[PDB]
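So the structure is just underneath, and the comments pick up after that.
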Amino acid sequence: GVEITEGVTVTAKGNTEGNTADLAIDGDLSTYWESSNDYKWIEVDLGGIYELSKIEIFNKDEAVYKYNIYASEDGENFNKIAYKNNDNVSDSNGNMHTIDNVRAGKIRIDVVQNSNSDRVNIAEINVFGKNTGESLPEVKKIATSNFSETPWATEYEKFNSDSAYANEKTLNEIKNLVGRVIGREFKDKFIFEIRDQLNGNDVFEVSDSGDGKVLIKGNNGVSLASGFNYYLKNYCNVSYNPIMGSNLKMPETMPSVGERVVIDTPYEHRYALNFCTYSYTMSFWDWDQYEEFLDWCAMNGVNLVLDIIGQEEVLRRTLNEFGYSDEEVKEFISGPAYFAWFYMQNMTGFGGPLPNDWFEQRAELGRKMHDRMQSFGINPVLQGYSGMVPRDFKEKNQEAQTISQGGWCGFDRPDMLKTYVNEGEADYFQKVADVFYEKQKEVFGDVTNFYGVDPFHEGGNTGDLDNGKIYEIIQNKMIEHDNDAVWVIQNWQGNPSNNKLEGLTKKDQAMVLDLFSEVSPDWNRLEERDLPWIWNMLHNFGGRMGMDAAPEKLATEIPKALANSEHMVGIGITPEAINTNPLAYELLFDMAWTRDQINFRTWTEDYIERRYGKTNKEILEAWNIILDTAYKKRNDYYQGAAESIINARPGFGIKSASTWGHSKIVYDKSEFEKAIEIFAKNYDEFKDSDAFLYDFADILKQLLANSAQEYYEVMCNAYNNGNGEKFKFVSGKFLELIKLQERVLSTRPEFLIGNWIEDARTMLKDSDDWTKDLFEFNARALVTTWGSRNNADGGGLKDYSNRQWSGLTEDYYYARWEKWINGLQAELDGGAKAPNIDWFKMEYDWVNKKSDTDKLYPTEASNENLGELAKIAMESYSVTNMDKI
Ligand SMILES: CC(=O)N[C@@H]1[C@@H](O)[C@H](O)[C@@H](CO)N[C@@H]1CO
Ligand SMILES: [Ca+2]
């Protein structure tokens, strides 16, 4: 094990001025590399492959550093060979790590923590090993297939050109949906038929075949699956929701339909998904989860779906034509949990770089999905182009004209190409837009006419440019590459302004999603300008959880809008995550199949019976309590469910966990608790229904969140009044309340942080330790600090995506409240005034832990008895009995 003192080089992706990467290997403890951004790692090339025995690391000062060390012997796979995670200070002796004679040609050191500073540093790194005499192999450049080369193109064109082949494909796939949803044994109890549209509208039919089979007709795959769904819900008491709880118990014999049914929808489009859904929910989904979602979409009538899968390969091909290497593209693109804000032009780089094999795998996932969407008749919304480029685009393309977009929550927005230039100037918008659309075809082929792009989303800068001309040129360029193109435009807090929208010269080739129609509708100005538009329920913000829904508005306002408009072309959901309140989403898509207002109370009565497989007068009573409290119609502005005090940074006078959220419970808390009492009383009868268990946990965790808020206010008066003994008692019950909450959360697999993290770590096959640790960082950061310090704090993003999740509650939310409570108690006991707590440092310490070295979170839910937990909460942690407590 001889020290390697020749041929050693190093790179980094960032450094503060005069603290370059090479200063970590110059044999001088007085010079150091220091990080300047969130790339906190350096990569050492050893000038050959050595079997390493020791790695020695010196820091620039005496802080507590934590870091992870990776090695590669093939040039591609960097696996973890050592780490420091104890709390020892660095000193002048350095830290020496034993390596077990691991072959390595390259080494990565990632300094994730410095107790003294946001920035990390390495003064010296020495490596000890024996030469093997071998050199690393040249690593294969990124290669991806053109669509036309693949079997996907063959199958896609065959569907297009052969109506008989396509109908057989659609009918066979619908049969496969039946098998996946309710069981293979039910596939041959259904006969599916393509029919025509009913006077220009999508339509389905359900009826008896004559021999005890169910005959379902529909004009395309979505209508057929919606007919299948209609039959399950109205004749089988069955309810399908692969994300939020199902009752799939089929009768012993197929129920007969009786009088035939024909049902159509007046909406050309039924739309689903926010850009944000691709991050807060779908970041680590595999094909199995996409297939389920599409089965559920088709069954709920969905036929228009935002689709950004594999767009990284589209952008790689595009930027490669303008002076960007693959490595530079990977630095530009974000990590896997941040594509929502990368493609909305809000942020770059953070969470990356993506692995090299990312690009082909995701292009293949996208092609897989377009085949299934084609079978069903679901239109994807691919990408438009508006001028997004990296900030160094002019450095590489000197004649290009760009506009700096400034910051977004402490992130650097990408630049924007000037949408038009002067005569004599080069028009790189035309150049890059031409390539972008052409490369998108190369990756996926002609799969849709709908394209989504949103310049100046939540900021940016229009420079000297005219707002209307900008939108005129973007649309014209889109139509140039697809004559039937429809630009799908988000409508969010009054933007894009009327002046922007009036620049659209082809109104029929634009479609505006009114993003927030169930709380802050903004479609009148779209309707006035004869712009096709869609009525959308947003409902969910950041995946933040709680009992919250607007069923009365859905049942009334949607048909009212259709009766008072001419350019309402559909309805949709725009949730930032799909993880809460399945009633809201079931009801929205149901409103596609009526032109009249419906009764939301009686609809809910039918819904819960098929959701639980059974019903009675007590369960119905509890849900009418829910309808009169958490789901009651309101007329204020609010973003998502009222937040749980448990999830907020501890402090005085807290009114929300997120920056733009709300913690006020607008219903009577003791009234709502009656729903929990009724669920507990009927637990033993309904416990065989997983959806009942799902909803029980939902209302019970809402109960403990509601009561915790009351205990916090008491806890706060005790301190402000100096009553130490009372504070100790109230805060003791508070922490005990959270402990009980953790047990409730533990019962649901949907609430386990271990599932979120494991999905991140396993979403690619044959990925190295480096990639797994980096993906886990994406998963941990998104639901806590969101970004690093300037994003969480100065940017306002801290706890934006806070989740009432198992494990995360124990190790994050409880830990914060415990540390704050201990500080206040010491002060009240005659100690020094409680220090200010740098919350972000503590939070980022959890963000950077790894599942394979620190603590592995479970993927299996517990067996705790919700009914029993409900009794404990009512007796010892409730609002009703709070004065006895
Ligand atoms: C950090 C975040 O998730 N910000 C989202 C933004 O990305 C989204 O466009 C908007 C409308 O859905 N809701 C939030 C902003 O108010
Ligand atoms: Ca040095």
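If you're wondering about the labels, chains in the structure tokens are A, B, ... by order shown, residues count from 1 in each chain, ligands from 1 in order shown.
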Set the cut-off to 8 Å, count only C-alpha atoms and all ligand atoms, and list whatever residues fall near ligand 2 as an MDAnalysis selection string. chainID A and resid 22:33 122:124
Save the residues we just selected, N, CA and C atoms, as a PDB file, in the first residue's frame?
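Okay, this is what ended up in result38.pdb:
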ATOM      1  N   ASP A  22      -7.849  21.348  -7.953  1.00  0.00           N
ATOM      2  CA  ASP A  22      -6.467  20.891  -7.853  1.00  0.00           C
ATOM      3  C   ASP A  22      -5.821  21.248  -6.522  1.00  0.00           C
ATOM      4  N   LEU A  23      -6.362  22.229  -5.801  1.00  0.00           N
ATOM      5  CA  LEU A  23      -5.807  22.580  -4.502  1.00  0.00           C
ATOM      6  C   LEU A  23      -6.051  21.510  -3.449  1.00  0.00           C
ATOM      7  N   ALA A  24      -6.855  20.490  -3.749  1.00  0.00           N
ATOM      8  CA  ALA A  24      -7.034  19.381  -2.823  1.00  0.00           C
ATOM      9  C   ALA A  24      -5.962  18.306  -2.965  1.00  0.00           C
ATOM     10  N   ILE A  25      -5.129  18.363  -4.005  1.00  0.00           N
ATOM     11  CA  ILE A  25      -4.150  17.307  -4.241  1.00  0.00           C
ATOM     12  C   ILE A  25      -2.768  17.885  -4.519  1.00  0.00           C
ATOM     13  N   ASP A  26      -2.520  19.122  -4.089  1.00  0.00           N
ATOM     14  CA  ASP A  26      -1.223  19.751  -4.298  1.00  0.00           C
ATOM     15  C   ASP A  26      -0.257  19.525  -3.139  1.00  0.00           C
ATOM     16  N   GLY A  27      -0.563  18.600  -2.231  1.00  0.00           N
ATOM     17  CA  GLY A  27       0.339  18.307  -1.133  1.00  0.00           C
ATOM     18  C   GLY A  27       0.535  19.436  -0.149  1.00  0.00           C
ATOM     19  N   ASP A  28      -0.394  20.387  -0.099  1.00  0.00           N
ATOM     20  CA  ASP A  28      -0.262  21.594   0.709  1.00  0.00           C
ATOM     21  C   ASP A  28      -1.500  21.726   1.583  1.00  0.00           C
ATOM     22  N   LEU A  29      -1.343  21.502   2.887  1.00  0.00           N
ATOM     23  CA  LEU A  29      -2.484  21.581   3.791  1.00  0.00           C
ATOM     24  C   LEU A  29      -3.026  22.995   3.953  1.00  0.00           C
ATOM     25  N   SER A  30      -2.319  24.010   3.456  1.00  0.00           N
ATOM     26  CA  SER A  30      -2.772  25.390   3.565  1.00  0.00           C
ATOM     27  C   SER A  30      -3.638  25.828   2.389  1.00  0.00           C
ATOM     28  N   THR A  31      -3.688  25.044   1.314  1.00  0.00           N
ATOM     29  CA  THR A  31      -4.575  25.293   0.188  1.00  0.00           C
ATOM     30  C   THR A  31      -5.661  24.229   0.152  1.00  0.00           C
ATOM     31  N   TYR A  32      -6.846  24.621  -0.301  1.00  0.00           N
ATOM     32  CA  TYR A  32      -7.982  23.717  -0.249  1.00  0.00           C
ATOM     33  C   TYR A  32      -8.919  23.990  -1.410  1.00  0.00           C
ATOM     34  N   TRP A  33      -9.527  22.926  -1.922  1.00  0.00           N
ATOM     35  CA  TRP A  33     -10.740  23.086  -2.704  1.00  0.00           C
ATOM     36  C   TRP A  33     -11.884  23.441  -1.767  1.00  0.00           C
ATOM     37  N   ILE A 122     -11.964  20.480   1.046  1.00  0.00           N
ATOM     38  CA  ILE A 122     -10.975  19.428   1.213  1.00  0.00           C
ATOM     39  C   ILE A 122      -9.610  20.082   1.078  1.00  0.00           C
ATOM     40  N   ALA A 123      -8.817  20.030   2.148  1.00  0.00           N
ATOM     41  CA  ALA A 123      -7.472  20.591   2.094  1.00  0.00           C
ATOM     42  C   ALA A 123      -6.520  19.660   1.355  1.00  0.00           C
ATOM     43  N   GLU A 124      -6.513  18.379   1.722  1.00  0.00           N
ATOM     44  CA  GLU A 124      -5.682  17.394   1.047  1.00  0.00           C
ATOM     45  C   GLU A 124      -6.396  16.052   1.054  1.00  0.00           C
TER      46      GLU A 124
END
List the neighbours of residue 736 (chain A) out to 12 Å using only C-alpha atoms; skip same-chain residues closer than 5 positions along the sequence, and give me the result as a PyMOL selection string. chain A and resi 646+704+708+711+729-731+741-743+810+814+817-818+872-873+876-877
Dump of N, CA and C atoms for the selected residues, as a tab-separated table (two decimals), in the first residue's frame:
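Output contents, as saved in out.tsv:
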chain	number	residue	atom	x	y	z
A	646	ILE	N	-47.81	19.78	13.65
A	646	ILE	CA	-46.75	18.79	13.84
A	646	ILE	C	-45.66	18.95	12.79
A	704	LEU	N	-55.82	14.06	15.28
A	704	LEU	CA	-54.64	14.33	16.09
A	704	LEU	C	-53.94	15.60	15.64
A	708	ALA	N	-53.53	18.59	18.25
A	708	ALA	CA	-52.17	19.07	18.50
A	708	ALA	C	-52.09	20.59	18.42
A	711	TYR	N	-53.17	21.94	21.69
A	711	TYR	CA	-52.16	21.72	22.72
A	711	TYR	C	-50.96	22.64	22.53
A	729	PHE	N	-45.83	19.84	31.40
A	729	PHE	CA	-46.94	18.90	31.31
A	729	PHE	C	-47.62	18.97	29.95
A	730	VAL	N	-47.91	20.18	29.47
A	730	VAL	CA	-48.58	20.32	28.18
A	730	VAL	C	-47.68	19.83	27.06
A	731	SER	N	-46.42	20.28	27.05
A	731	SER	CA	-45.48	19.82	26.03
A	731	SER	C	-45.26	18.32	26.10
A	741	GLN	N	-49.70	9.76	16.86
A	741	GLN	CA	-49.83	10.01	15.42
A	741	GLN	C	-48.95	9.07	14.62
A	742	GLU	N	-47.68	8.94	15.02
A	742	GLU	CA	-46.75	8.04	14.34
A	742	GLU	C	-47.33	6.63	14.22
A	743	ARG	N	-48.00	6.16	15.27
A	743	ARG	CA	-48.57	4.82	15.23
A	743	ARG	C	-49.72	4.74	14.23
A	810	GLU	N	-41.25	10.54	12.94
A	810	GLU	CA	-40.43	10.16	14.08
A	810	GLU	C	-39.09	10.90	14.07
A	814	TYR	N	-40.96	15.20	14.85
A	814	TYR	CA	-40.85	15.04	16.29
A	814	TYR	C	-39.52	15.56	16.81
A	817	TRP	N	-39.67	19.39	17.18
A	817	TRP	CA	-40.46	19.82	18.33
A	817	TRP	C	-39.79	19.47	19.64
A	818	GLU	N	-39.15	18.30	19.70
A	818	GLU	CA	-38.46	17.88	20.92
A	818	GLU	C	-37.31	18.81	21.26
A	872	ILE	N	-57.80	5.61	22.18
A	872	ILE	CA	-56.75	6.32	22.90
A	872	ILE	C	-56.80	7.81	22.60
A	873	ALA	N	-56.97	8.17	21.32
A	873	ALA	CA	-56.97	9.58	20.95
A	873	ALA	C	-58.18	10.31	21.53
A	876	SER	N	-57.45	10.61	25.52
A	876	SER	CA	-56.25	11.21	26.07
A	876	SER	C	-55.64	12.33	25.23
A	877	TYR	N	-56.03	12.47	23.96
A	877	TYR	CA	-55.43	13.49	23.11
A	877	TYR	C	-56.47	14.19	22.24
Per-residue nearest contacts of chain A to ligand 1 (10 Å; only C-alpha atoms and all ligand atoms) as CSV:
residue,atom,partner,partner_atom_place_in_ligand_line,distance
A:274,CA,ligand 1,12 (O),6.8
A:275,CA,ligand 1,9 (O),7.4
A:276,CA,ligand 1,7 (O),6.0
A:277,CA,ligand 1,3 (O),9.2
A:279,CA,ligand 1,3 (O),9.0
A:280,CA,ligand 1,3 (O),8.1
A:338,CA,ligand 1,3 (O),9.8
A:340,CA,ligand 1,7 (O),7.1
A:341,CA,ligand 1,7 (O),6.3
A:342,CA,ligand 1,7 (O),10.0
A:344,CA,ligand 1,7 (O),7.7
A:346,CA,ligand 1,7 (O),8.3
A:408,CA,ligand 1,1 (C),9.7
A:409,CA,ligand 1,1 (C),8.4
A:454,CA,ligand 1,9 (O),9.9
A:457,CA,ligand 1,9 (O),7.3
A:458,CA,ligand 1,9 (O),7.3
A:490,CA,ligand 1,9 (O),8.6
A:491,CA,ligand 1,11 (C),8.9
A:492,CA,ligand 1,11 (C),6.3
A:493,CA,ligand 1,11 (C),8.4
A:515,CA,ligand 1,12 (O),7.1
A:516,CA,ligand 1,12 (O),8.0
A:538,CA,ligand 1,12 (O),7.2
A:539,CA,ligand 1,12 (O),9.5
A:540,CA,ligand 1,12 (O),8.5
A:541,CA,ligand 1,13 (N),6.4
A:542,CA,ligand 1,3 (O),5.4
A:543,CA,ligand 1,3 (O),9.0
A:574,CA,ligand 1,12 (O),7.2
A:575,CA,ligand 1,12 (O),7.1
A:576,CA,ligand 1,12 (O),6.0
A:577,CA,ligand 1,3 (O),9.5
A:639,CA,ligand 1,16 (O),8.0
A:640,CA,ligand 1,13 (N),9.8
A:658,CA,ligand 1,1 (C),9.7
A:659,CA,ligand 1,16 (O),9.8
A:660,CA,ligand 1,16 (O),7.4
A:661,CA,ligand 1,16 (O),9.5
A:782,CA,ligand 1,1 (C),9.5
A:786,CA,ligand 1,1 (C),8.2
A:795,CA,ligand 1,1 (C),9.7
A:796,CA,ligand 1,1 (C),8.8
A:797,CA,ligand 1,1 (C),6.3
A:798,CA,ligand 1,1 (C),9.4
A:799,CA,ligand 1,1 (C),9.8
A:800,CA,ligand 1,1 (C),6.5
A:801,CA,ligand 1,3 (O),7.5
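All residues of protein, DNA or RNA that reach within 10 Å of residue 224 (chain A), judged by only C-alpha atoms and not counting those fewer than 6 positions away in the chain, are residues 170, 171, 174, 175, 192, 193, 194, 195, 202, 203, 204, 205, 206, 216, 217, 218, 230, 298, 299, 301 and 376 of chain A.
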Could you pull the residues within 10 Å of residue 234 (chain A), counting only C-alpha atoms, minus those fewer than 6 positions along the same chain, as a short mmCIF file (atom, residue, chain, number, x, y, z; two decimals) with N, CA and C atoms, in the first residue's frame?
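Heads up, here's the output in selection-v5.cif:
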data_model
loop_
_atom_site.label_atom_id
_atom_site.label_comp_id
_atom_site.auth_asym_id
_atom_site.auth_seq_id
_atom_site.Cartn_x
_atom_site.Cartn_y
_atom_site.Cartn_z
N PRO A 255 -73.55 -9.64 -11.91
CA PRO A 255 -74.88 -9.04 -11.84
C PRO A 255 -75.39 -8.67 -13.23
N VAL A 257 -77.38 -6.55 -16.04
CA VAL A 257 -77.52 -5.11 -16.22
C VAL A 257 -78.99 -4.70 -16.16
N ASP A 606 -73.72 7.00 -2.25
CA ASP A 606 -73.44 5.87 -3.13
C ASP A 606 -71.95 5.56 -3.19
N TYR A 607 -71.12 6.60 -3.16
CA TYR A 607 -69.67 6.43 -3.28
C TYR A 607 -69.11 5.59 -2.14
N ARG A 610 -69.89 1.72 -2.24
CA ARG A 610 -69.05 0.94 -3.14
C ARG A 610 -67.57 1.03 -2.79
#
